[PDB]
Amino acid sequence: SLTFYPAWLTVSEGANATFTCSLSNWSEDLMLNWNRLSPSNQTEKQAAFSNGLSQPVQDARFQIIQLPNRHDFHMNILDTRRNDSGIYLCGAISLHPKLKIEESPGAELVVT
């Protein structure tokens, strides 16, 4: 199970926004995806954590930081823009021993 909070976060444009993705059973083989939702409710990967490091898809302002306790992660939108406003969620992909997609509930970013 994954949780993703705060459920609703606002900040001024130009400022960082930090959400937490918290996993109940993290292991190092998992891939953790930071996703945005489109209006039709399609998921769109922003960044991915795998093999020790986070990497953005096209904007490095989307930054995943693993916390010292390892099952929790900071998903940071750095230097926010009004356009960053929407719903986000984190998701874990497991390949072994069973294929699994696990998604958290959405949280909302409101950039003012």
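Numbering starts at 1 and runs along the sequence shown.
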query: Stretch exceeding the other in mean C-alpha B-factor - 46-54, 32-40; finding: 32-40
query: Residue stretch of maximal mean CA temperature factor, 76-84 vs 23-31; finding: 23-31
query: Residue selected from 15, 99, 90, 9 by maximal Cα B factor; finding: 99
query: Modelled-residue ranking by C-alpha temperature factor, third containing residue 63; finding: lowest
query: Where the record places residue 2 (Cα B-factor, split into thirds across the chain); finding: highest
